[PDB]
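# Summary of the model geometry
Each chain is listed here by its residues.
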Amino acid sequence: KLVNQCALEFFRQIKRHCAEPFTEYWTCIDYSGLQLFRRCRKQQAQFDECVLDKX
Amino acid sequence: XXXXXXXXXXXXXXXXXXXXXXXXXXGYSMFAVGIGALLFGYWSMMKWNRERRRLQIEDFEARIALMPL
């Protein structure tokens, strides 16, 4: 019960601060098949950098 | 005046000349490129598989991270 409640807490923090790099990374992963990290590492550079401002 | 078929030889077309000769390949030099491509082949391939390991561990980490699943 605590697992699913904490799951909502994680996604809400990304939606509040730095939503633009998260949405662009989500479009990259679904456009390809199941590479997951291949041909998406260039768009991964935009991610984490915005999150680095936060803890 | 009598006109008949005239004789002409000029160059004689060269009576029996060898055309077959060794070209490009020598023998020992082909093995240096042949086995040399193999050694270059494995070294280039195995470095990609080490880069695949970076993806491999990261792929299985997603299953461990996902417990609400």
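Residues numbered from 1 in each chain as written, not as in the entry; some residues may be left out. Chains lettered and ligands numbered in written order. Part of a larger assembly, values for the part shown. Heavy atoms only, no water. Residues with missing side-chain atoms left out of burial classes, pairs and counts.

### Focus: helix α1 (residues 2-16) of chain A
Worth spelling out the cut-off: Numbering of helices and strands runs from the N terminus; a helix is a DSSP stretch of H or I covering at least four residues, while a strand is a stretch of E covering at least two. Here a helix's expected span is defined as the number of its residues, less one, multiplied by 1.5 Å.
Compared with the 21 Å implied by 1.5 Å per residue over 15 residues, the 22 Å span of α1 of chain A between its first and last C-alpha is a close match. One or two steps after α1 of chain A, the chain reaches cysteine 18 of chain A, where phi turns positive at roughly 60°.

### What to know about the packing of aromatic side chains
Two descriptors summarise a pair of aromatic rings, namely the distance from one centre to the other and the angle between the planes of the rings. Residues and elements named next belong to chain A. Keep this limit in mind: Any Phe, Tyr or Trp ring, taking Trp's six-membered ring, that has another such ring centre within 6.5 Å forms a pair; planes under 30 degrees apart are called stacked, those over 60 apart edge-to-face, and the others tilted.
Between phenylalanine 22 and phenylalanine 47, the ring centres sit 6.1 Å apart and the planes meet at 40°, which makes this aromatic pair tilted. Of this pair, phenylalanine 22 sits in helix α2 (residues 20-31) while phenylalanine 47 sits in the segment after α3 (41-44), placing them 25 residues apart in sequence. Their ring planes at 20° and their centres at 5.6 Å tell us that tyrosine 25 and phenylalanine 47 sit as a pair that is stacked. One end of the pair, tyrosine 25, is in helix α2; the other, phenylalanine 47, is in the segment after α3, with 22 residues separating them in the sequence.

### Looking at the UniProt feature "disulfide bond" in chain A
All names here are of chain A. We count it as follows: Any two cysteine sulfur atoms lying within 2.5 Å of each other are counted as a disulfide. UniProt positions are given in the numbering used here, feature names are shortened, and annotations may be inferred rather than shown by experiment.
UniProt pairs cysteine 18 with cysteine 50 in a disulfide, and the structure agrees, placing their sulfur atoms 2.0 Å apart, under the 2.5 Å limit. With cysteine 18 in the loop between α1 and α2 and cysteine 50 in the segment after α3, this residue pair connects regions lying 32 residues apart in the sequence. Of the UniProt disulfides, the one joining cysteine 28 and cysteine 40 is intact in these coordinates, the sulfur pair sitting 2.0 Å apart. Of this pair, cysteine 28 sits in helix α2 while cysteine 40 sits in the loop between α2 and α3, placing them 12 residues apart in sequence.

### A short note on the state of the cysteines
Residues and elements named next belong to chain A. What pairs with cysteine 18 in a disulfide is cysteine 50, and their sulfur atoms sit 2.0 Å apart. Taking the torsion about the sulfur-sulfur bond, which here is approximately -70°, the covalent link between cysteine 18 and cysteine 50 counts as left-handed. For chain A, the disulfide bridges join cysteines in the arrangement 1-4, 2-3, where the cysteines are counted in sequence order. With no disulfide of its own, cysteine 6 lies 20 Å from the sulfur of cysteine 18, the closest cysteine sulfur.

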